[PDB]
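S.K.: This is the structure I want to talk about, given as structure tokens.
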Amino acid sequence: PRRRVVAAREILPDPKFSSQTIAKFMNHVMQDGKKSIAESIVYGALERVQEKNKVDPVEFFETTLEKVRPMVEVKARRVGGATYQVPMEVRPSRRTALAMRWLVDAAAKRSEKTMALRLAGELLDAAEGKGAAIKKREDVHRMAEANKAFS
Amino acid sequence: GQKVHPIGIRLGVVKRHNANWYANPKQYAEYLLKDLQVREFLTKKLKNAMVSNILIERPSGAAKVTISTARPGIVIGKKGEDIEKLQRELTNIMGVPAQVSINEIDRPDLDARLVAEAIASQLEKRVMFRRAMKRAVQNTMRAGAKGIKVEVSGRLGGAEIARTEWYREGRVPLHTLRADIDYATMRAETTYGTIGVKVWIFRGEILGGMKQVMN
Amino acid sequence: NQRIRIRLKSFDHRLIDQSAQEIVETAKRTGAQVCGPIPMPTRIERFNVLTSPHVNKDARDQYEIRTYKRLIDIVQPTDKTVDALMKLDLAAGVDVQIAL
Amino acid sequence: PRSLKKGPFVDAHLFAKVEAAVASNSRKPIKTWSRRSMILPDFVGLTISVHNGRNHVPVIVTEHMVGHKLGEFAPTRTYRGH
Amino acid sequence: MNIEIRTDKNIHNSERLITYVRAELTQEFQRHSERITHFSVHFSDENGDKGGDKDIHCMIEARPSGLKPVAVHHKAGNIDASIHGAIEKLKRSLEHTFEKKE
Amino acid sequence: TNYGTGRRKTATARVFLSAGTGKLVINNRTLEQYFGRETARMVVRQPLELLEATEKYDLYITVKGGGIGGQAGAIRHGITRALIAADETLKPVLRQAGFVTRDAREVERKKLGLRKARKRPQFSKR
Amino acid sequence: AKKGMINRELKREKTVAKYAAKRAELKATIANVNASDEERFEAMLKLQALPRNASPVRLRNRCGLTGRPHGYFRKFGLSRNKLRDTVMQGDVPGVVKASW
RNA sequence: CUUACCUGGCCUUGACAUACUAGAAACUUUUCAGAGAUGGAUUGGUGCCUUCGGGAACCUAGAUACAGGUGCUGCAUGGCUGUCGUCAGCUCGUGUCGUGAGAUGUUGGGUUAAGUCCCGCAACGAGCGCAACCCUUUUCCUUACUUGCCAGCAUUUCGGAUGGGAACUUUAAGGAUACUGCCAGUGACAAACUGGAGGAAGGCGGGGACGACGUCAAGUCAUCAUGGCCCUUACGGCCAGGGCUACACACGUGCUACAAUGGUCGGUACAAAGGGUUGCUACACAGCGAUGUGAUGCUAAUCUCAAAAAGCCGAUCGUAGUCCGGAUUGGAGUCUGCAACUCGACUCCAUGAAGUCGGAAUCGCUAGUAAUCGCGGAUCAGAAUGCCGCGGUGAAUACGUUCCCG
Ligand SMILES: [Mg+2]
Ligand SMILES: [Mg+2]
Ligand SMILES: [Mg+2]
Ligand SMILES: [Mg+2]
Ligand SMILES: [Mg+2]
Ligand SMILES: [Mg+2]
Ligand SMILES: [Mg+2]
Ligand SMILES: [Mg+2]
Ligand SMILES: [Mg+2]
Ligand SMILES: [Mg+2]
Ligand SMILES: [Mg+2]
Ligand SMILES: [Mg+2]
Ligand SMILES: [Mg+2]
Ligand SMILES: [Mg+2]
Ligand SMILES: [Mg+2]
Ligand SMILES: [Mg+2]
């Protein structure tokens, strides 16, 4: 806005793992206020991924999130009637938000029977290093690298 | 743009309703229609007596009309015969018998309705509109209102193009709900059509809320 | 064993409270014991009325009317108390029902 | 549909005209405005002219029509195409 | 662009008028093409059942792809004159806006 | 022994607290029976795990109005107030947690000319 | 509305009042089980033979002051146009503006 | 019916008011002709007051001014309403300045949401607007103990059901509280602005009413009133059928879907606001069902509408135009009503359409908000996906004002 500084709201930690990050991820998954189904989906995916390799689900999630987080982005600047995409750094909150959104969207566009299965597949793919969220991270790096020249 | 009714906005705040009775959901419509009929009858009967308010009350299986008049003599009658006929007509109109009471007005030029009728009379008799307006404003301010406002709209002077003209002096804080504002409207029927008259009179700010009014 | 039930209905809570206070005072003068006044849920009735003569659906006035109810019991009443209650006058706007 | 327990509906004047016609033997059409009556089984073999809004259209009542209302055979609108 | 033309009770409207208005308006404003998606013209007679020098009001409102809708009014003694005045004013307004936005 | 009242979104909870083994009843029912949703149970349980003295108390709870989330919030508020009444020294930590505060958020009414409190009809400019 | 409309409404009400008793008796006979089938049929025929205006279904509510057939608002008996005026003059007991 | 439109059949001082004359209580029972409006027959009563020789009611018959008009003109008007726009502005008196139109005040610095406030200044003063007074929600206290409530006691066909209690929830009137009040900073040492303690709540706490001077010959002669024109055996009045529901098409606002964050089946929890005597109806039976019969309690914090649904637990479905979707059509019914053909709502059996996520373009929304889930009401014999309300679950994102508009 043109004034004020709106403060951020507090997301309570999830029941099972007591993680605010996992609670925020559930909020990203949630639709129409169906948070119970959101938790069911997320926990089913986490159990599925834990089945493949025996590791802490919270540690796996945060490692994959760090893998998928962005580094650099451009914000369009309209001067002289031209786009002038100018690379810039982004705050950690934006980093986490874009990472989570990319993960969820990639899972949604995957092709398994259930949201839990395809979310687990996306987490595994991001851990490996080949996924749609990884591709969006690569593309944003590529474009901010092409336009590095400007400040 | 448009404005809320000055009385309409203060019913439960600093003013009281003009009707005080209780009815069950079934007899409410009958009571309201008959109250409107009796008001219509009284307005026509007492046209020349300078009546200001009518308070219709149904205590129990009966009726009580309170008429506020500047000329109690005409309504009362020289020998009191007129009041008997009035109560007879009221009992004919309303199923239960009605009793009349009279409230004498001793400062008529503080009542918005009376001022509006006075202006409308001159306007129908073809006096200059902004002569009548200034006369009414000066009379009310001499009476002692903290402010008065007059509005006259229509074909003033017979003009083909209708217009509105107003004059205000003193204070008329319409947006203040705790202020005593009397509002009145009247119609003047002239050979060239209708002219509308609106009067606002401000009698200071009421203190203590509806409790002071003793509702 | 006789108990008298009193029910007051009005459109003005100030008037109904005045009436109930007068009833309880009248009972106290006679010397009987009375329970109340007991407030009862108020009824609200709301109506939407178009303000433009011809066509403006969004420009309306919203009015409401409220019905206020009050309950009183008087127990161990005496012959003088009942006659005092009947003799007491009634003001308008407050419909009073007396049940034996 | 009208409830069965009430039974079929027929106007009194139309009913009486039909009984007069059947009791006698005359093929003169019965002119009427009761499009809301039901074609009773005794109506078969009679010509009944039914108002359709501005004129009376004839109907020769046969076994098929029993159960329909009179107005179902006298259309009220004139449409020929756009 | 889709054309939605409307009149009032005084003016009197017909599908012939619809076809003619659509044809003329498209012919005049054919250059912009994709820039503009919707036209709506409206016709009235003000003091209906009387006469005067203007006595008829034409309006045309157009939606340009992108920028916000823009409107134009004209008063004239005849339907054709009102339409021509409104067309000229629209042309001038659109030219000015497009030159401004470049 | 010590009483507390909790309120949240039209829901009201009456909480009675007395030192005991750890029993917890809601409307003649257990927490698992009453709340089939895990978030509600976690919310109900936060205040007494916060003081690390969960099983040294016994609770008797009644609730009315609202839905599952509102009832859970009301029950937690009642437990917090019961603890504060029982001991004065609990209030600073409980407030630091934020349980002492009473949430005042409520549904906003529908408004004239609008589909909902804030949502309004479509105004197309296609 | 027109005086002809108002007079038609009044005559319809008068006819309904005239024939209400016979209509009710015929309907009771129709709904009576112990009554014979032929009696029920005759009751049905008489009810169908009654005058049309005797049927209350043919009555339309009207403002009373103006006779307008829309916005009737049963409780007050006035159409919205006149109800707003009467309310905001202060002549309708208990009715106020609503804000909640 | 509404109804103002059309086809046809009818009346003419009129369906409604006042003025004049004469006879009759008003009214009332039956049929007959007809589509009805209407017409022609036929029964019973003869009432209420009187200086009773005449009068009130309510009819009939004649005559004349007249009634009647949803006919025209919103560009002749009153009243009412929309929009710029809750935008923050708009103006006066006394002074001054200028030949004058006019100017100052209302301009300059900070600042506020704001012509809100503090400093200067040929200005000094006022009014209408801003804010406050009004309703609702959050915390607590007093009064009130019902029909509403059940903490300590007891009895229980374990149901606050009972004897009981006045604690708690609640109900509905009256009060308190919150004022930058206090601390640490900033600014001219001014207004004012940041960070803190305490508190349920902290810097307008969140919503609702409240519409300045004025603008668009803006809308409404069809709510109503009203000037001026028009018809008067019809542009007035009564009636039966039909129409307002038509269908080569084009637009605006919605509802339902295109499924697995889901469909179906079984079990199982948690609301708030309203409605009910010409009505809501416990409960038993009959029916697959819409419903019907008997019957019970309610003029209601007492009886009732009433089943809350999303939700949770278990089973099946396993990506198919499908166990997704429910348009269209064929049979059989219930109910409301004088009467469901044109043209009603709902129930059962059978059928199973387009649709597999939608061009350019464009809309709403900053928090208990959006999204989603169900419940009630006004109108109303019956007939809501519309309108006005109620509660349940419950988000995403604001770096910033550079380019977009007002
Ligand atoms: Mg059928
Ligand atoms: Mg115009
Ligand atoms: Mg909602
Ligand atoms: Mg609310
Ligand atoms: Mg008329
Ligand atoms: Mg009806
Ligand atoms: Mg019709
Ligand atoms: Mg106008
Ligand atoms: Mg017009
Ligand atoms: Mg204000
Ligand atoms: Mg017209
Ligand atoms: Mg008809
Ligand atoms: Mg229509
Ligand atoms: Mg299906
Ligand atoms: Mg297909
Ligand atoms: Mg209905």
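Labels for the structure tokens follow display order: chains A, B, ..., residues from 1 in each chain, ligands from 1.
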Hey, which residues sit close to ligand 10? Say within 9 Å, counting only C-alpha atoms (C1' of nucleotides) and all ligand atoms, and write them as an NGL selection string.
M.R.: (:B and (175-176)) or (:H and (86 or 130-132 or 210))
S.K.: Would you kindly return, as a PyMOL selection string, each protein, DNA or RNA residue with an atom no farther than 10 Å from any atom of residue 68 (chain H), considering only C-alpha atoms (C1' of nucleotides) and excluding same-chain residues fewer than 4 positions away?
M.R.: (chain G and resi 2-4) or (chain H and resi 14-16+232+236-237)
S.K.: Keeping only C-alpha atoms (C1' of nucleotides), take the residues you just selected and write them out as a PDB file, in the first residue's frame.
M.R.:
ATOM      1  CA  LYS G   2     -58.561   3.063 -10.461  1.00  0.00           C
ATOM      2  CA  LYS G   3     -61.867   3.346  -8.628  1.00  0.00           C
ATOM      3  CA  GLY G   4     -63.121   0.545 -10.861  1.00  0.00           C
TER       4      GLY G   4
ATOM      5  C1'   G H  14     -72.788   4.962 -15.191  1.00  0.00           C
ATOM      6  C1'   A H  15     -68.920   0.302 -10.636  1.00  0.00           C
ATOM      7  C1'   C H  16     -67.912   5.431  -6.979  1.00  0.00           C
ATOM      8  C1'   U H 232     -67.833  11.368 -23.207  1.00  0.00           C
ATOM      9  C1'   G H 236     -65.612   5.347 -19.355  1.00  0.00           C
ATOM     10  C1'   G H 237     -67.837   0.556 -16.951  1.00  0.00           C
TER      11        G H 237
END
S.K.: Would you mind telling me which residue in G:60, G:40, G:22, G:75 lies nearest to chain D when using only C-alpha atoms?
M.R.: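 Using only C-alpha atoms, the shortest distance to chain D belongs to G:40.
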S.K.: Find the spatial neighbours of region 7-20 of chain G, counting only C-alpha atoms (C1' of nucleotides), within a cut-off of 12 Å - ignore same-chain residues fewer than 5 positions away - and output them as a VMD selection string.
M.R.: (chain G and resid 1 to 2 25 to 27 46 to 47 49 to 64 67 to 69) or (chain H and resid 1 to 2 15 to 16 237 to 238 278)
S.K.: Taking only C-alpha atoms (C1' of nucleotides) and all ligand atoms into account, list the residues no farther than 12 Å from ligand 3, as a list in words.
M.R.: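 Result of the 12 Å neighbour search around ligand 3: residues 106, 107, 108, 109, 110, 111, 115, 116, 117, 118 and 119 of chain F; 272, 368, 369, 370, 371, 372, 373, 374, 375, 389, 390, 391, 392, 393 and 394 of chain H.
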S.K.: Taking the chain letters and numbering used in this document, name the residues of chain A that DSSP puts in alpha helix (DSSP H), as an MDAnalysis selection string.
M.R.: chainID A and resid 20:29 35:52 57:68 92:109 115:128 132:146
S.K.: Residues of the last selection are to be written out with C-alpha atoms, as a PDB file, in the first residue's frame.
M.R.:
ATOM      1  CA  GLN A  20       5.400 -24.076  11.177  1.00  0.00           C
ATOM      2  CA  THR A  21       6.896 -24.773   7.749  1.00  0.00           C
ATOM      3  CA  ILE A  22       4.722 -27.875   7.399  1.00  0.00           C
ATOM      4  CA  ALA A  23       1.689 -25.910   8.607  1.00  0.00           C
ATOM      5  CA  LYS A  24       2.339 -23.255   5.945  1.00  0.00           C
ATOM      6  CA  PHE A  25       2.699 -25.999   3.335  1.00  0.00           C
ATOM      7  CA  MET A  26      -0.653 -27.437   4.402  1.00  0.00           C
ATOM      8  CA  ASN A  27      -2.147 -23.961   4.032  1.00  0.00           C
ATOM      9  CA  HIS A  28      -0.792 -23.820   0.476  1.00  0.00           C
ATOM     10  CA  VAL A  29      -2.344 -27.222  -0.276  1.00  0.00           C
ATOM     11  CA  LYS A  35      -7.778 -28.072   6.155  1.00  0.00           C
ATOM     12  CA  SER A  36      -8.512 -31.580   7.439  1.00  0.00           C
ATOM     13  CA  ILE A  37      -8.278 -32.977   3.902  1.00  0.00           C
ATOM     14  CA  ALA A  38      -5.189 -30.811   3.425  1.00  0.00           C
ATOM     15  CA  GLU A  39      -3.495 -32.465   6.414  1.00  0.00           C
ATOM     16  CA  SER A  40      -4.574 -35.902   5.217  1.00  0.00           C
ATOM     17  CA  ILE A  41      -3.008 -35.249   1.804  1.00  0.00           C
ATOM     18  CA  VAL A  42       0.239 -33.847   3.183  1.00  0.00           C
ATOM     19  CA  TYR A  43       0.706 -36.581   5.780  1.00  0.00           C
ATOM     20  CA  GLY A  44      -0.058 -39.327   3.276  1.00  0.00           C
ATOM     21  CA  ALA A  45       2.564 -37.872   0.950  1.00  0.00           C
ATOM     22  CA  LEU A  46       5.079 -37.639   3.793  1.00  0.00           C
ATOM     23  CA  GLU A  47       4.484 -41.267   4.784  1.00  0.00           C
ATOM     24  CA  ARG A  48       4.851 -42.339   1.155  1.00  0.00           C
ATOM     25  CA  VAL A  49       8.170 -40.520   0.768  1.00  0.00           C
ATOM     26  CA  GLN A  50       9.411 -41.815   4.127  1.00  0.00           C
ATOM     27  CA  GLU A  51       8.708 -45.345   2.896  1.00  0.00           C
ATOM     28  CA  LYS A  52      11.223 -45.005   0.051  1.00  0.00           C
ATOM     29  CA  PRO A  57      10.341 -36.441   7.117  1.00  0.00           C
ATOM     30  CA  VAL A  58      10.862 -32.898   8.409  1.00  0.00           C
ATOM     31  CA  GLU A  59      14.550 -32.943   7.470  1.00  0.00           C
ATOM     32  CA  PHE A  60      13.723 -34.375   4.040  1.00  0.00           C
ATOM     33  CA  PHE A  61      11.092 -31.698   3.451  1.00  0.00           C
ATOM     34  CA  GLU A  62      13.362 -28.835   4.486  1.00  0.00           C
ATOM     35  CA  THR A  63      16.272 -30.200   2.425  1.00  0.00           C
ATOM     36  CA  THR A  64      14.091 -30.447  -0.679  1.00  0.00           C
ATOM     37  CA  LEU A  65      12.730 -26.963   0.003  1.00  0.00           C
ATOM     38  CA  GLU A  66      16.274 -25.590   0.177  1.00  0.00           C
ATOM     39  CA  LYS A  67      17.020 -27.425  -3.070  1.00  0.00           C
ATOM     40  CA  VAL A  68      14.039 -25.761  -4.768  1.00  0.00           C
ATOM     41  CA  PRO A  92      13.556 -15.260   2.483  1.00  0.00           C
ATOM     42  CA  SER A  93       9.783 -15.153   2.895  1.00  0.00           C
ATOM     43  CA  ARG A  94       9.336 -14.764  -0.858  1.00  0.00           C
ATOM     44  CA  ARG A  95      11.932 -17.486  -1.441  1.00  0.00           C
ATOM     45  CA  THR A  96       9.974 -19.950   0.693  1.00  0.00           C
ATOM     46  CA  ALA A  97       6.616 -18.912  -0.756  1.00  0.00           C
ATOM     47  CA  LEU A  98       7.667 -19.365  -4.385  1.00  0.00           C
ATOM     48  CA  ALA A  99       9.341 -22.676  -3.549  1.00  0.00           C
ATOM     49  CA  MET A 100       6.167 -24.023  -1.924  1.00  0.00           C
ATOM     50  CA  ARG A 101       3.925 -22.743  -4.715  1.00  0.00           C
ATOM     51  CA  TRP A 102       6.118 -24.325  -7.374  1.00  0.00           C
ATOM     52  CA  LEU A 103       6.170 -27.656  -5.545  1.00  0.00           C
ATOM     53  CA  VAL A 104       2.384 -27.727  -5.153  1.00  0.00           C
ATOM     54  CA  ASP A 105       1.691 -26.658  -8.748  1.00  0.00           C
ATOM     55  CA  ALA A 106       4.128 -29.221 -10.153  1.00  0.00           C
ATOM     56  CA  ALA A 107       2.490 -31.916  -8.040  1.00  0.00           C
ATOM     57  CA  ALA A 108      -0.927 -30.792  -9.279  1.00  0.00           C
ATOM     58  CA  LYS A 109       0.229 -31.104 -12.894  1.00  0.00           C
ATOM     59  CA  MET A 115      -2.683 -35.770  -4.738  1.00  0.00           C
ATOM     60  CA  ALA A 116      -0.696 -37.483  -1.988  1.00  0.00           C
ATOM     61  CA  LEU A 117       1.006 -39.818  -4.466  1.00  0.00           C
ATOM     62  CA  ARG A 118       1.858 -37.065  -6.927  1.00  0.00           C
ATOM     63  CA  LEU A 119       3.067 -34.716  -4.175  1.00  0.00           C
ATOM     64  CA  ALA A 120       5.348 -37.487  -2.899  1.00  0.00           C
ATOM     65  CA  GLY A 121       6.587 -38.043  -6.441  1.00  0.00           C
ATOM     66  CA  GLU A 122       7.330 -34.338  -6.782  1.00  0.00           C
ATOM     67  CA  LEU A 123       9.261 -34.309  -3.508  1.00  0.00           C
ATOM     68  CA  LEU A 124      11.329 -37.282  -4.665  1.00  0.00           C
ATOM     69  CA  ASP A 125      11.934 -35.620  -8.036  1.00  0.00           C
ATOM     70  CA  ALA A 126      13.047 -32.365  -6.405  1.00  0.00           C
ATOM     71  CA  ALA A 127      15.378 -34.295  -4.102  1.00  0.00           C
ATOM     72  CA  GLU A 128      16.882 -36.030  -7.138  1.00  0.00           C
ATOM     73  CA  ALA A 132       9.046 -28.926 -12.810  1.00  0.00           C
ATOM     74  CA  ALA A 133       9.864 -26.795  -9.770  1.00  0.00           C
ATOM     75  CA  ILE A 134      13.551 -27.427 -10.455  1.00  0.00           C
ATOM     76  CA  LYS A 135      12.932 -26.295 -14.032  1.00  0.00           C
ATOM     77  CA  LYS A 136      11.269 -23.064 -12.896  1.00  0.00           C
ATOM     78  CA  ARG A 137      14.209 -22.428 -10.560  1.00  0.00           C
ATOM     79  CA  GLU A 138      16.561 -23.069 -13.484  1.00  0.00           C
ATOM     80  CA  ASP A 139      14.572 -20.750 -15.751  1.00  0.00           C
ATOM     81  CA  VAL A 140      14.543 -17.904 -13.229  1.00  0.00           C
ATOM     82  CA  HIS A 141      18.295 -18.273 -12.713  1.00  0.00           C
ATOM     83  CA  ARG A 142      18.783 -18.368 -16.501  1.00  0.00           C
ATOM     84  CA  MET A 143      16.781 -15.196 -17.107  1.00  0.00           C
ATOM     85  CA  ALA A 144      18.250 -13.232 -14.183  1.00  0.00           C
ATOM     86  CA  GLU A 145      21.656 -14.376 -15.465  1.00  0.00           C
ATOM     87  CA  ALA A 146      20.948 -13.187 -19.008  1.00  0.00           C
TER      88      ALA A 146
END
S.K.: Around ligand 1, which protein and nucleic acid residues have at least one atom no more than 10 Å from it, if we count only C-alpha atoms (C1' of nucleotides) and all ligand atoms? List them as number ranges by chain.
M.R.: D: 1-2; H: 331-333
S.K.: Could you tell me which residues of chain D sit within 6 Å of chain H when counting only C-alpha atoms (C1' of nucleotides), and give me the result as a count of residues only?
M.R.: 6
S.K.: So which one's closest to chain A, H:378, H:128, H:360, H:312? Using only C-alpha atoms (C1' of nucleotides), please.
M.R.: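 Of H:378, H:128, H:360, H:312, the one nearest chain A, counting only C-alpha atoms (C1' of nucleotides), is H:312.
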S.K.: Select the residues contacting ligand 2 at a distance of at most 6 Å, based on only C-alpha atoms (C1' of nucleotides) and all ligand atoms, then format the selection as a PyMOL selection string.
M.R.: (chain E and resi 46-47) or (chain H and resi 217)
S.K.: Please run DSSP on the backbone and report, as an NGL selection string, all residues within chain C that come out as strand (DSSP E or B).
M.R.: :C and (3-10 or 33-50 or 60-75 or 94-99)
S.K.: What's the separation between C1' of residue 72 (chain H) and CA of residue 48 (chain E), in Å to one decimal place?
M.R.: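 Distance reported for this atom pair: 10.9 Å.
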S.K.: Skip residue 97 (chain F) itself and residues of its chain fewer than 4 positions away, then list as a CSV table (one decimal) with N, CA and C atoms, in the first residue's frame all residues within 12 Å of it, counting only C-alpha atoms (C1' of nucleotides).
M.R.:
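Once everything was written out, this is around_36.csv:
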chain,number,residue,atom,x,y,z
F,46,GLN,N,-3.0,-27.5,24.7
F,46,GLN,CA,-1.8,-26.6,24.8
F,46,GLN,C,-1.7,-26.1,26.2
F,47,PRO,N,-2.7,-25.5,26.9
F,47,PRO,CA,-2.4,-24.7,28.1
F,47,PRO,C,-1.7,-25.5,29.2
F,48,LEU,N,-2.0,-26.8,29.4
F,48,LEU,CA,-1.5,-27.6,30.5
F,48,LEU,C,-0.2,-28.3,30.2
F,49,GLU,N,0.1,-28.6,28.9
F,49,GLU,CA,1.5,-29.0,28.5
F,49,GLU,C,2.4,-27.8,28.5
F,50,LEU,N,1.8,-26.6,28.4
F,50,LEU,CA,2.7,-25.4,28.5
F,50,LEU,C,3.3,-25.2,29.9
F,51,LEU,N,2.6,-25.5,30.9
F,51,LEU,CA,3.1,-25.5,32.3
F,51,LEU,C,3.8,-26.8,32.6
F,76,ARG,N,-10.1,-24.1,25.6
F,76,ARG,CA,-8.7,-23.7,26.0
F,76,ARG,C,-8.7,-22.4,26.8
F,77,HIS,N,-9.5,-21.4,26.4
F,77,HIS,CA,-9.6,-20.2,27.1
F,77,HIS,C,-10.1,-20.4,28.5
F,80,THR,N,-7.3,-21.9,30.6
F,80,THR,CA,-6.3,-20.8,30.9
F,80,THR,C,-6.8,-20.0,32.1
F,90,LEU,N,0.8,-17.9,37.4
F,90,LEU,CA,0.7,-18.5,36.1
F,90,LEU,C,0.4,-17.5,35.0
F,91,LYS,N,-0.3,-16.4,35.4
F,91,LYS,CA,-0.7,-15.4,34.4
F,91,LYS,C,0.4,-14.9,33.5
F,92,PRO,N,1.6,-14.5,34.0
F,92,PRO,CA,2.5,-14.0,33.0
F,92,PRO,C,2.9,-14.9,31.9
F,93,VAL,N,3.2,-16.2,32.3
F,93,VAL,CA,3.6,-17.2,31.3
F,93,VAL,C,2.4,-17.5,30.4
F,101,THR,N,-5.6,-13.6,26.4
F,101,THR,CA,-6.4,-12.8,25.4
F,101,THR,C,-7.6,-13.5,25.0
S.K.: Can I get the residues close to ligand 9 as a PDB file with C-alpha atoms (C1' of nucleotides), in the first residue's frame, where close means within 9 Å and we count only C-alpha atoms (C1' of nucleotides) and all ligand atoms?
M.R.:
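In the end it all went to pocket.pdb:
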ATOM      1  CA  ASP E   8     -35.703   4.591 -26.599  1.00  0.00           C
ATOM      2  CA  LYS E   9     -39.451   4.599 -27.128  1.00  0.00           C
ATOM      3  CA  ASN E  10     -39.398   7.963 -28.916  1.00  0.00           C
ATOM      4  CA  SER E  44     -32.829   9.181 -27.334  1.00  0.00           C
ATOM      5  CA  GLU E  46     -35.031  14.135 -24.899  1.00  0.00           C
ATOM      6  CA  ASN E  47     -38.313  16.079 -25.041  1.00  0.00           C
ATOM      7  CA  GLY E  48     -40.075  13.182 -26.763  1.00  0.00           C
TER       8      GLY E  48
ATOM      9  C1'   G H  74     -41.170  14.306 -15.836  1.00  0.00           C
ATOM     10  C1'   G H 219     -35.378   8.864 -13.430  1.00  0.00           C
ATOM     11  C1'   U H 220     -40.634   8.701 -11.858  1.00  0.00           C
TER      12        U H 220
END
